[PDB]
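In the block that follows, a single chain appears as structure tokens, in the form solved without the ligand.
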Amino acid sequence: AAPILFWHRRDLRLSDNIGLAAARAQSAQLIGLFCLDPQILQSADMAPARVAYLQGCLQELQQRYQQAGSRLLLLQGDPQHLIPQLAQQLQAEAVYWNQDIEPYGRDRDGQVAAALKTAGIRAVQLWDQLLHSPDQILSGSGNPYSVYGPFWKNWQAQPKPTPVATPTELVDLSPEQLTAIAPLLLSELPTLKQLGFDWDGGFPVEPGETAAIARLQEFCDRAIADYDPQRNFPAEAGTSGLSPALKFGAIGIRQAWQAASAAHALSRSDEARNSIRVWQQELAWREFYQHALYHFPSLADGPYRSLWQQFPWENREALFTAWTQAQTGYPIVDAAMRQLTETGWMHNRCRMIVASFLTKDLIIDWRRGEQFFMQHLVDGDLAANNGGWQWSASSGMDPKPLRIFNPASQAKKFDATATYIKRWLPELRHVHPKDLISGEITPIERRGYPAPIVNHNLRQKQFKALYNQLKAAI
């Protein structure tokens, strides 16, 4: 008959899904689909933790479609070839999907749409992962924002969209239709091992739409009230842990905003009100970087600002390796890198500390770090990750005066009792918090823990010297 295909990519859920809801209003014969794209899966920048989470979200999505009335088709190969072929073999009335903000996804999408148009099949691309699309937030001159302040002021004033309906009572494909597409389908969802990956480090929130919705609700029911200032301490479990759920769409952005907004209205405490407004602004910050990547795709290439594209990075491989292996000798840094490689997630305050360290202290092209994070983060996200690293050098959007973190100051300020440090560096649980914070540990009391790979003071003078020299040379 006239079935509609909904192509899932980073919206692995059936609830509050813009493109999916629009598709259901056009037809009950709604068949979901996911394509295992080799250019994504085989990339050297793919994190095992991310594939594990992804695979887990898909397992649940297969069930949701089954329960809804149809199914989730699985494909493996090139999208602009396989999607059009599948839609054609199925004489699809249309193929729906939610828009991407990333260069690769957008280029791929334009190609799939063109292939569909050629085949005479409708392609509908709608915005779903953002409360406000990049085209809705523009300045008085109709231009994008590269400074957060003005962006937030506009974004905040825009009326917020509400969650859309979950599609129900779907019509499954028939045997004859299934025969027509048989050659293009995988018989079953490959396991993590079959795909060639292994992960046993756990997750910030268990995989799947259900677990994501439960976490959102548990967070907004309590912990969110203390977000500010509990968000600043790595030792405290004061954040939501929903990052991978938002990256893969296990949770809808409108459900998240609504749950927080409802918690704000329910709250009668001023401090709780503030804490919730602060969390909400985190979501605004997320959109700033996503819109930035959309408007200025070259950001993905590396240092944006002209001065930084010329910065003389030292790039001592040995220093980088030590960083990736948590053998820097700086407790607060090694504890964080251990949390990342071991659990696939890192507290935001720690991401800032280790990024600054790699760029300011080790003086390594931050792209090596951006890539290492992408190779390990369960929430590895180009817009946010690139935004985070451009930040470590003010080389991109919303630049700030040159500054260099002192691991010791940060450690003392956000892990004053060294609880987080001892937690991830148990072999140093005997050392005094004072020494773990300052980074000055006596050889005997240090055991196998390495000594500082660099002298902060000297590295700091070196970085500024290179900055001022290039600053003048221009």
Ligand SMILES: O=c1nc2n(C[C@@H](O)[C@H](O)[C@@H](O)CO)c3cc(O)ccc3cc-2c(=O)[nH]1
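Numbers for residues come from their place in the sequence shown, where the first is 1.
Omitted from view is the form solved in complex with the ligand, to which the following refers.
(message) So in the deposited complex, is the ligand close enough to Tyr420 to count as touching (4.5 Å, heavy atoms)?
(response) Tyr420: no contact with the ligand in the deposited complex.
(request) With heavy atoms only and a cut-off of 4.5 Å, decide whether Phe34 touches the ligand in the deposited complex. (result) Although the ligand is absent here, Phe34 would touch it in the deposited complex, with heavy atoms inside 4.5 Å.
(message) At 4.5 Å between heavy atoms, is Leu54 in contact with the ligand in the deposited complex?
(response) Within the cut-off, so yes.
(request) Please run the contact check for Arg10 against the ligand in the deposited complex: heavy atoms, 4.5 angstroms, yes or no? (result) Within the cut-off, so yes.
(request) Quick one: from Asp365, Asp228, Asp78, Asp100, grab the residue that has a heavy atom within 4.5 Å of the ligand in the deposited complex. (result) The residue in contact is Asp100.
(message) Which residue, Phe357, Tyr330, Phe248, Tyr96, is the contact with the ligand in the deposited complex, using a 4.5 Å heavy atom cutoff?
(response) Exactly one listed residue reaches within 4.5 Å, namely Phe248.
(request) Tell me the stretch among 430 to 438, 61 to 69, 412 to 420, 39 to 47 that has any heavy atom within 4.5 angstroms of the ligand in the deposited complex. (result) Result for this chain: 39 to 47.
(request) Any residue of 326 to 361 with a heavy atom within 4.5 Å of the ligand in the deposited complex counts; write them all down in order. (result) Not one residue comes within 4.5 Å of the partner.
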